[PDB]
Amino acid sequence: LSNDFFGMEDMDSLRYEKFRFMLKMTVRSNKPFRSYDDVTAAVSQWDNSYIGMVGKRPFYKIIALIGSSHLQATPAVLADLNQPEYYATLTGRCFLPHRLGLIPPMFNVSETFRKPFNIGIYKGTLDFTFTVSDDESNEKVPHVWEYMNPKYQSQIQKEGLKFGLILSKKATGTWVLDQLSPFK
């Protein structure tokens, strides 16, 4: 029931970077996550080690955060309460406001990350496929934050820090990726 556990709804200077993305994210855990901050802790472990495209890493972190908010438990947890699995898929186009400087062009090639996670009470695996590329079309786009599940939109700044994202909203009108943490 959505009341006790996360993801059970289904069961029941400054630059703007314009990009498009696709994500497919699977999380497999030993026990069902009780809350969204348990989920983000697990998901955030995806790049504890990283050999993907250097220039894409910030965008991957961002869409991993966004995508996490959409994770939903599959029936795996009803077959076996001890084999919880969660899935999310999302595609979009948007602006990322950031202070990271010039971003080299990004091409339409996917990268897959398959990694363990261990956050104490919870442990398991992550299987993420991300695609991020420049969006050259003339269609108008939202800010990336508009793709966050509204249920969890209020938790953006705090949960972002788990991903190494230092986000602020001081007099800009929108969340800005001010910097990436050297510690994560």
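In this text, residue numbers run from 1 along the sequence as written.
Taking the PDB entry as given, 132-140 carries the higher mean Cα B factor of the two stretches 56-64 and 132-140. When the two stretches 166-174 and 14-22 are set side by side, the higher mean Cα temperature factor goes to 166-174.
In the PDB entry, the Cα temperature factor peaks, among 94, 88, 100, 79, at 79. The entry lists C-alpha B-factors for 69, 44, 118, 154, and the highest of these is at 154. The entry lists a Cα temperature factor for residue 34 that places it in the highest third of the chain's modelled residues. When the modelled residues of the chain are ordered by C-alpha B-factor, residue 27 sits in the lowest third. Split the chain's modelled residues into thirds by C-alpha temperature factor. Residue 51 is in the highest one.
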